[PDB]
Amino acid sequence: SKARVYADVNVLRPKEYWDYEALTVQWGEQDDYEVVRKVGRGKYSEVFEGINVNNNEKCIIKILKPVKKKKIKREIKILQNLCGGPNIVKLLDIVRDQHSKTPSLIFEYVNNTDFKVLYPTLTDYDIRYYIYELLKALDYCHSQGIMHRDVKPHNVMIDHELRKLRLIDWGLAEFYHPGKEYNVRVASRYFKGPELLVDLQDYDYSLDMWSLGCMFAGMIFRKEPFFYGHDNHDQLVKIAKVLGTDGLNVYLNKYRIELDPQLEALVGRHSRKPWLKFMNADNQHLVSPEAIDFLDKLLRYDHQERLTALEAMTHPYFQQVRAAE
């Protein structure tokens, strides 16, 4: 398998662009940034609102939990490469504690409106707007030859007050190289593509589009998460109960994958459940044929069949967002 777009980005660029292990970190001043208040956690980190003591500017302080040198270089390089594309978090500085050597990444200040409280109040328009803004971030990073690999509500930081969106936490992200076989232990369960769940290692940018599809499905249907599985096996079962086992079987044949017998047993036999069957009185004001047409083209077993981020932005669903933009 290979990506249908931007396959050759890291083929044509200098090796220095993607060769993150060769990076040597320029450590800034640890004392320049003070913790003001804890604001949350990333995947392998604790995150704080901070202040730059030189100019009193707000910042984000991301203190990383102990991890391998390779992994920190990967995040830092990807962040330097993507500074400052549309709706990407801005890495400002990298510092560390002299004694314990625990590193901190410093970002431009990002405010956070809790998604669990925010999503119920989004209007039909707001969902078109914010997904479009997310799509800009994704098209940009894909065009720079990077997959995010952990798209989810928490990693899409919305400031509803100021109507800003930031794609955050690039700690699971990777450079795309055609044919390369990746670790499937990425993303978060509810937002893991079928490729990850069936051990298809040579995946690409299209992984992020499944994850967005899952977020978009949860928004319009107000069912969150949309696919609510307990473990990785059950997460596939939940997908198969909506999309149907027939489409799964043609997908597994196409890429020549055999399911583990226990997983195959757990998956079983299911019919496709039309998207319209998820509509109810709570979400009717959000579900339109354009929303469903868009969702349908995102939640596809076959990663090659999914809309690219660039294609998605031009779908008539976002027509009013473009026209206003």
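Throughout, rigid core stands for the largest set of C-alpha atoms superposing within 1.5 Å between the two forms. Throughout, we count residues from 1 along the sequence that is shown.
Superposing on the core and measuring CA offsets in 9 other deposited structures of this protein, the stretch of 210-218 and 91-99 with the greater mean deviation is 91-99. Superposing each structure in 9 other deposited structures of this protein on the rigid core shows that the farther-lying of 157-165 and 143-151, by root-mean-square Cα distance, is 157-165. Mean CA B-factor, 137-145 versus 231-239: the higher value falls on 231-239. Stretches compared: 125-133, 98-106. Higher mean C-alpha B-factor in the entry: 98-106. The PDB entry assigns its highest CA temperature factor, among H177, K192, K254, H154, to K254. Of the candidates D150, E161, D204, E75, it is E161 whose Cα B-factor is highest according to the PDB record. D19 sits in the middle third of its chain by CA B factor, as recorded in the PDB entry. The deposited CA B-factor of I61 belongs to the lowest third of values across its chain. In the PDB entry, a CA B factor belonging to the middle third of its chain's modelled residues is recorded for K116.
Sorting the modelled residues of the chain by their CA temperature factor places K90 in the middle third. In the PDB entry, a CA B factor belonging to the highest third of its chain's modelled residues is recorded for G244.
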